[PDB]
Structures are given as structure tokens and as C-alpha cells.
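The primary structure of each chain is shown beneath.
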Amino acid sequence: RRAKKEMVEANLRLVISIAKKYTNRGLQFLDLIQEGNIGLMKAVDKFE
DNA sequence: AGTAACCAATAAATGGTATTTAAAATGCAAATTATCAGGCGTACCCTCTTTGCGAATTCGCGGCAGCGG
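As a convention, residue numbering begins from 1 on each chain and follows the written sequence, not necessarily the numbering found in the entry; residues with no coordinates do not appear. To read the labels, note that chains go from A and ligands from 1, taken in the order they are written. These chains belong to a larger assembly; the values given apply solely to the chains on display. Side-chain metrics rest on all non-hydrogen atoms present in the structure, leaving aside hydrogens and water.

A. The protein's contact with DNA strand B, seen in detail. Working definition: residue near molecule or strand if any one of its non-hydrogen atoms lies within 4 Å of it. Around DNA strand B, the neighbouring residues are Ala-10, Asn-11, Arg-13, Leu-14, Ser-17, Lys-20, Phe-29, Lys-46 and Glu-48. Near the protein, within 4 Å, the atoms of DNA strand B are sugar or phosphate in 59% of cases. Residues adjacent in sequence count toward polar contacts only when both atoms are side-chain atoms; beyond that, a polar contact is any pair of N or O atoms within 3.5 Å, and within protein one must be able to donate a hydrogen and the other to accept it. One of the side-chain N or O atoms of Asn-11 is found 3.2 Å from a base nitrogen in DNA strand B. In the environment of DNA strand B, a sugar or linking oxygen lies 3.4 Å from a nitrogen or oxygen atom belonging to the backbone of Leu-14. The secondary structure listing takes helices from DSSP runs of H or I that are at least 4 residues long and strands from runs of E that are at least 2 residues long, numbered from the N terminus. Elements with a minimum of two residues in the surface near DNA strand B: α2 (12-20) and α3 (29-46).

B. Examining the pattern of salt bridges more closely. By convention in these notes, a salt bridge is any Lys or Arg side-chain nitrogen within 4 Å of a carboxyl oxygen on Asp or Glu. This structure, assessed with the given rule, holds 1 salt bridge. Note that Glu-6 is salt-bridged to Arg-2, the shortest N-O span being 3.9 Å. One end of the pair, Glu-6, and the other, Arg-2, are both in helix α1 (residues 2-10), 4 residues apart, so they sit about a helical turn from each other. Of the two residues, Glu-6 and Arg-2, both sit in the exposed class. Relative accessible area decides the class of each residue, using a 1.4 Å probe on protein chains only: under 20% of the type maximum gives buried, over 50% gives exposed, and in between gives partly exposed.

This is the structure we're talking about:
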């Protein structure tokens with residue numbers, strides 16, 4: 001657990017970029033960001 | 001080119017009380033097809049950056065605030 005936190009906290013900027021590419025008047029910025037963070041947690045789980 | 005209402009008679013005058021008839025039709029609940037609605041996955045590399053620009057030169061008033069003897 002304490003290992004995965006490090007990658008998750010490292011790649012938040014990546015999430016920000018991908019999200020802002022979709023922000024143009026959808027839900028709201030922060031909702032997109034948080035949903036992307038869910039996705040990032042999934043990806044960290046699946047990466048080899 | 002013929003009177004009767006005499007007293008029986010005849011069943012026809014009804015519109016009313018029902019267990020039937022089974023055929024129909026009318027509904028009823030299954031089988032059995034189509035199609036819709038969810039979940040998962042994607043391996044070159046990409047890393048705070050977008051915003052609101054201002055419910056828009058109001059104004060007058062009040063009061064709850066920080067500095068200050």
C-alpha cells in the first residue's frame with residue numbers, strides 16, 4: 001500500500017492534463033479530475 | 001229474404017316465474033422469439049493549467065471587525 005501511494009501521488013499532473021483536455025463545459029473540472037484519479041489507481045494496479 | 005245476446009265453449013290473448021342447451025366469443029396466462037443495456041480492455045510517449053476575465057465605474061448605510069492609546 002505505502003508503495004502504491006508514491007506512484008499515485010507522482011502522476012496527478014498527468015491526470016490533470018488528460019482531464020483538462022475534456023473540461024470544455026462538461027461536468028466540472030474537479031469531478032473530471034477525481035474520476036481520472038480513480039482511473040489512475042486502477043492503472044497503477046494493472047501496470048507491469 | 002233474416003231477427004238475438006242467450007250460456008258454453010274454444011283455445012288464443014298476453015307477460016310473466018326458471019334448469020336447460022353448448023356453441024360461440026371473449027377474455028385470460030404462458031412460450032418464444034428480438035434487442036437493449038452493461039462490463040471489460042486498449043502497452044511509443046505525453047506530468048499544476050486550465051481558468052473566471054465582470055451575478056461588472058451604484059450608492060447609501062450599518063457593523064463587525066483590526067490597530068492604538
